[PDB]
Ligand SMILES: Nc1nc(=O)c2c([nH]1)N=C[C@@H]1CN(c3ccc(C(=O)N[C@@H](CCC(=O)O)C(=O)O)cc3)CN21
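To begin, one chain is listed below as structure tokens, in the form deposited without ligand TMF.
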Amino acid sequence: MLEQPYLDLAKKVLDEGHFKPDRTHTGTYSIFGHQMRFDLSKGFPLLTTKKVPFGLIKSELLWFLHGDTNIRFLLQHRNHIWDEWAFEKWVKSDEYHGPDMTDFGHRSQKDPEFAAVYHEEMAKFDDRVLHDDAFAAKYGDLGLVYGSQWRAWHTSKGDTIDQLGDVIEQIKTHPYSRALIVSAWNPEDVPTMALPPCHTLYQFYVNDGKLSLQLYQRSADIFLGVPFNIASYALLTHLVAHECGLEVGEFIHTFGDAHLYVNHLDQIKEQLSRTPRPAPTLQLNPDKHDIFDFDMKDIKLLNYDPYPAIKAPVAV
């Protein structure tokens, strides 16, 4: 089936993965150097072996395409993927007036009412970002995120480069270019960044009227992150193809450090006992063509009949 490369990744990490201590005190089994490809003409690579929130993938990607770096857009779509990063900055601000929250991440998973107080403050934060325009501007703007890196790379002249916009331009005018690359890695920001881009860079490639993309991911969470990561870029591939009047080719996923957290072993094992079902199909708004102006309703997912979702503790 279409998602086999993923399941094979999970299998391989379990059999050949070597224990490796990471940024957190919850071990990982890891491998270095891996590549898998998905033929987008066969279907959309959204895991059927477990329910994955396509809505979240769609909203986050549109956020990226808009060159947006403010969490407000995500909150307006019931998408809380980046909340922690904004909250992090808010709590450490000289304007924060509430319970400590030092290292909220680690502490939330082990404390009773603390997690309740944390959730309470987070709820306030979200509501504030949503209604106080001044607040959203100061604490809702993450600054250096994919949207900014893809569409507003800061130069030395003080100007900004719309990498993605320029590459799409290059695809239409020079489809046979071997430099259709967009990088999210900036050496001058990386030394002092909470989390340097995981999705380091990607490259488009046109052949026989088909568009393909290769993503180089430096670090990946096999269980929780990868299923989303695959969907995000396979979707990107479709959108860019859609705008450039091309058909979809393949999505090539290359990994640096691919790792599985120990507290996910049982969860990955049970998923491996499920049999994949036919992959879903993706439909895009035929009339709309400027993917940058795309909206939620312009992307439709069809025939997605997955197995129930699998819950697993996050690494913090």
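For every residue, the number given is its place in the sequence shown, counted from 1.
- Two stretches are in play, 108-116 and 127-135, and the higher mean C-alpha B-factor belongs to 108-116.
- On average the C-alpha atoms of 63-71 have higher B-factors than those of the other stretch, with 63-71 and 252-260 being the two compared.
- Within the listed group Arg151, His242, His80, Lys89, the record reports its top CA B-factor for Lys89.
- When the C-alpha B factors of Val206, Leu195, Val226, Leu142 are read from the deposited coordinates, the top value falls at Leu195.
- Compared with the other modelled residues of the chain, the Cα B-factor recorded for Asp221 ranks in the middle third.
- Ranked within its chain, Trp85 lands in the highest third, by CA B factor from the PDB record.
- Placement of the Cα temperature factor of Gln35 within the chain: lowest third of the modelled residues, per the deposited record.
- The deposited CA B-factor of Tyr176 belongs to the middle third of values across its chain.
- Residue-level temperature factors show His238 in the lowest third of its chain, judged at the C-alpha atom.
There is also a form solved in complex with ligand TMF; it is not shown, and the following applies to it.
- For the options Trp153, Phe73, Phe223, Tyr216, the one in contact with ligand TMF in the bound PDB entry, meaning a heavy atom within 4.5 Å, is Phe223.
- Checked against ligand TMF in the bound PDB entry, the residues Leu195, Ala123, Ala116, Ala134 give one hit for a heavy atom within 4.5 Å, which is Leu195.
- The closest non-hydrogen atom of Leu130 lies beyond 4.5 Å of ligand TMF in the bound PDB entry.
- Residue contact with ligand TMF in the bound PDB entry: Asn229 places a heavy atom within 4.5 Å of it.
- Ligand TMF in the bound PDB entry comes within 4.5 Å of no heavy atom belonging to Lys58.
- Proximity of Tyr146 to ligand TMF in the bound PDB entry: non-hydrogen atoms within 4.5 Å are present.
- Contact with ligand TMF, judged by heavy atoms within 4.5 Å in the bound PDB entry, is confined among 240-248, 156-164, 204-212, 75-83 to 75-83.
- By the 4.5 Å heavy atom rule, the three marked residues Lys50, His199 and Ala312 all count as contacting ligand TMF in the bound PDB entry.
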